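Working notes, beginning with the structure itself.
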Amino acid sequence: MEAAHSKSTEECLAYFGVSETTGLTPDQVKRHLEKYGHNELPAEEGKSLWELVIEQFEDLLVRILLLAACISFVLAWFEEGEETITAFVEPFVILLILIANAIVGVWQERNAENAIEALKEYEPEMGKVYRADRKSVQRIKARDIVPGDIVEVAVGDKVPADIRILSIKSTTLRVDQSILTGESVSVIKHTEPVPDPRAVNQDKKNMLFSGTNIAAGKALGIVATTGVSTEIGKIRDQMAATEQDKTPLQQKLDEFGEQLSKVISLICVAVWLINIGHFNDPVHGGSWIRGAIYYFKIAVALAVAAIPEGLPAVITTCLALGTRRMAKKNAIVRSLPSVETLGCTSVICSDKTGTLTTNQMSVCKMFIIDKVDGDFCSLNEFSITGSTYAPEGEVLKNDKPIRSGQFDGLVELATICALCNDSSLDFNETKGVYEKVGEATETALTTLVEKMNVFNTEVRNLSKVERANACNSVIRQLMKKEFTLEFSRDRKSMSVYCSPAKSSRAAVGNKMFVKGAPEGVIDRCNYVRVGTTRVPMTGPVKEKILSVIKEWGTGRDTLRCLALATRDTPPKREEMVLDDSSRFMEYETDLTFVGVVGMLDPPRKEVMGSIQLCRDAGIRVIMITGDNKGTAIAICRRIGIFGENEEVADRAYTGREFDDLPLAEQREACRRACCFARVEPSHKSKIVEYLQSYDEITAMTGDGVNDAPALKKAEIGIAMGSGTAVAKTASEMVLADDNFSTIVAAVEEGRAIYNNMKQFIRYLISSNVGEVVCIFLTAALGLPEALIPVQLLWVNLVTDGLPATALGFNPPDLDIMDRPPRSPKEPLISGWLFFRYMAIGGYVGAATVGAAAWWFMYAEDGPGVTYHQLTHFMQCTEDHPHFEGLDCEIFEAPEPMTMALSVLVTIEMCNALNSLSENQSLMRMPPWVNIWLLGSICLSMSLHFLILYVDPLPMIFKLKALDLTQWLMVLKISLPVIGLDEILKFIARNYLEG
Ligand SMILES: Nc1ncnc2c1ncn2[C@@H]1O[C@H](COP(=O)(O)OP(=O)(O)O)[C@@H](O)[C@H]1O
Ligand code: ALF
Ligand SMILES: [Ca+2]
Ligand SMILES: [Ca+2]
Ligand SMILES: [K+]
Ligand SMILES: [Mg+2]
Ligand SMILES: [Mg+2]
């Protein structure tokens, strides 16, 4: 606990009784835990109140049905309806379907959040600290850090706790603290005291807040506060939902449901108009109000029917369900649209180092100069065993193990690697493995030096903890590190200014030690070290040096190379201005070349596969990396971006080559090229922008801070679990797995959600069109009514519920990942599908009217009215326009009506079976692909039998239907709807378009 940023570095140190370079003792940590608790926020809890999630009423179309239930509650309250109790059923036939869908949505949401919180909580967040028990920085669960330990944080890192900056290791420290202050651009810090106890966070320029991100630099601090006392910890409970509006496809279907409300309204008012000619008929006693309320009831019931009340839930669900599956593949979705968007992605740009490759770097080859004599130049090459970051392995020259201290050239090589390095190693006592701290490239150097052991230091007798940095530390004693010129990607190198260590001999020379991408560094060398000697750089030498790099980079190990050099006579520090990062390169000139290291960095197993799948899915994959063009192309081949032999001249480019081109041609290069190399963070962004200028959906994959811009710019930003917090922050998705395959899976899933949405819509429209076709085909053709207000509410309850919501659990179509991506601006409803909705809608409307007619005319229990309906309904009371005045009222017979209602349900349930797949056959995609659907259907059929045969019920609705033969008819009329769509799918398949 420390109230102050306004006290000096010293004061804070003294406050906790801590040696700045060593950090807390075990016993100091034991106390501070007890006195302050773990560094975490208890919260973790309650993201939605059981109630909250229930209130996914409030939606577009659900509020309509909600209203509809009130009028039925009020029309019932005035003693009537048409029958007395039949009016108190009405409201529950409407609420029921609503409750059902609500239950499922709520369930899927709860399951999703659980699954997500399982994934997020899985891998523990780690911090880096100096503590007294270990000389080198060590990594602990952030949870364990307490006020008063020395914390190290560098570029990319999430600040783990609220920290008072003690010492800035780079020329600058830049923090992205948007999450706290809203401050959108990164901001500069210093280590000087900020006197005002009052001062706002923005003015605490010597502090670093838990949850912010280091955008540039490296720093050392002492922790002031942790857990709930944390500046961000105080404010959590609060905010008006920095939470959010719905997803593009959600807004699309919403707009589609808005204008389906239009059309249904019209057909509804139309029912009420097309009738009310029947608003004087004997049935409601001819009153000049009664049958206007009745046909108003027919309208409303028809609206509730036609309306897809479950559309808002089924999207919500397919979404939550998509998330739940992504979480099961260890992918964290930070932003809902990510799966649907990724669904129609035509291009996946991707970083290389740590993203496409494993980022488990090992130095396996290195060389220095051996002989230089005129046009002859020769190198001492070396091999290094050990693939891992473990200091165990040996240097080989000519298959024989050497003692690197034998070669002065290697002594300097080791010296630079050690000194020009912001990273180190830590040995995990539990996992029992040597882990990097800071960047892999840099750490590889660290582990290299330990292997080279150039001062023959005695290490056989050291713990695995001590052995980690021993040889490095030895070098650190040999030279004092005045300051460092942080690595920056423009010059593609990094520097370190040093003076000799004891101050034993003042002015025997300061040095700068340099490491960097070989082409730039070698260009800034005028000399070439030969052992302890120096000689002028020359063409033949450069050509030699470079060719062996080309060799290693392009070879079968595809080595990642770094050149190392010393500046023998640096500027005086006084002539050096550190404020301006753009002078660092000139400072790094007049160099002496020492040598080269080549690094092994294997491509991930899963990658080549995923790329193949993208090809098939019509998706492009571009590599975009700061690394050398040689090695980047070599790796593309190894990954399958390029085949092992292809002129690539026209479709791999460096940054320079790319910038050399005119804008027009840059844009076009992006369309054919798959490999961009030696490229800055601005370029990654620009390339993505270019792709986006073909109105395509672009995804960026990456691990590093140099990916954030592109990660942000892209439609979907996918960050590695292993990578930086800043890359993760700029992302919509995070592979905690680091498993590239999930990207493809995620594509497939977004594709499937779309297709599931489609099938739902097809199912409802076509079916509910038939329900409407039906009522208008009677009223026009001039028949007795086929259904009543509650009978309409019944087909609705039982066709528009779980059989529909179920489609959302349809499996992926069989060819889903074999057609190219959908353009995002495609007509939601295809002209051709609109037709298919009508074909089906028409058969359904006609099959249900034809059913009641068949009861009347052809049926043996029905009166034998024979063809021509006997031509009207006029008959009325006893024996009229005497046209076989044989039977009196048979109209109002429940039999014809309950016939139709049973064809409607049965047939609707049939073309749900067509809605397992857009254009696939029940022969290839059978009904048992979706069991959930089949259950729902039984539940409906089941519910529909109940209503018919449990003896109070049929009165509330209508008389039952002769099991044995009437059903055989219902089924005979309804089954063909399947045969119809299945020809219609045959059309769209065996002719094709989309
Ligand atoms: N810490 C460092 N110090 C000096 N040079 C580096 C360092 N890290 C990387 N480099 C060099 O700078 C280049 C640019 O790195 P970057 O832009 O991050 O792309 P990538 O890491 O994928 O190569 C690398 O290819 C490597 O040659
Ligand atoms: F890991 Al890279 F460019 F390939 F930063
Ligand atoms: Ca409905
Ligand atoms: Ca329906
Ligand atoms: K983005
Ligand atoms: Mg990377
Ligand atoms: Mg990198």
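These residue numbers are counts, starting from 1, taken along the chain as shown.
Per the header of the entry, the method used was X-ray crystallography, 2.9 Å.
Cβ coordinates come from backbone N, Cα and C, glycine included.
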Among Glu665, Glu668, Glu908 - the residue Swiss-Prot places in the same Ca(2+) 2 site as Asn768, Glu771, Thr799, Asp800: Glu908
Site co-member for Mg(2+) according to Swiss-Prot, given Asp351, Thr353, out of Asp27, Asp660, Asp695, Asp703: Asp703
Listed recorded positions adjacent to ligand 2, that is, members of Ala305, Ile307, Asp351 whose C-beta is under 6 A away: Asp351
Beyond the site residues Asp351, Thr353, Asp703: chain residues whose C-beta lies within 8 Å of the centroid, for Mg(2+): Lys352, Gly354, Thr355, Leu356, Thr357, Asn359, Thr625, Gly702, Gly704, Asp707, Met720, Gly723
Where the C-beta lies under 6 angstroms from ligand 3, the matching recorded positions among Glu309, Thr353, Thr441, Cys876: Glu309
DSSP-assigned states of the topological domain 'Lumenal' (778-787) in counts, ordered helix, strand, coil: 4 helix, 0 strand, 6 coil
Recorded positions near ligand 4 among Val304, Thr441, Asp703, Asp800 (Cβ under 6 Å): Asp800
Structural state census, the topological domain 'Cytoplasmic' (918-930) (DSSP three-state): 3 helix, 0 strand, 10 coil
For the Ca(2+) 1 site built from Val304, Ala305, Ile307, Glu309, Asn796, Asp800, further residues of that chain with CB within 8 A of the site's CB center: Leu65, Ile94, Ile97, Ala303, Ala306, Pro308, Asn768, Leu793
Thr353 (Mg(2+) binding site), number of other Cβ atoms within 10 Å: 25
Long-range Cβ environment of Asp351 (active site, 4-aspartylphosphate intermediate), under 8 Å and at least 6 residues apart: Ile624, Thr625, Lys684, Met700, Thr701, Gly702, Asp703, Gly704, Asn706, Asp707
Distal contacts, the topological domain 'Lumenal' (274-295) - CB-CB under 8 A, six or more residues away: 75, 82, 776, 779-780, 789, 876-877, 892
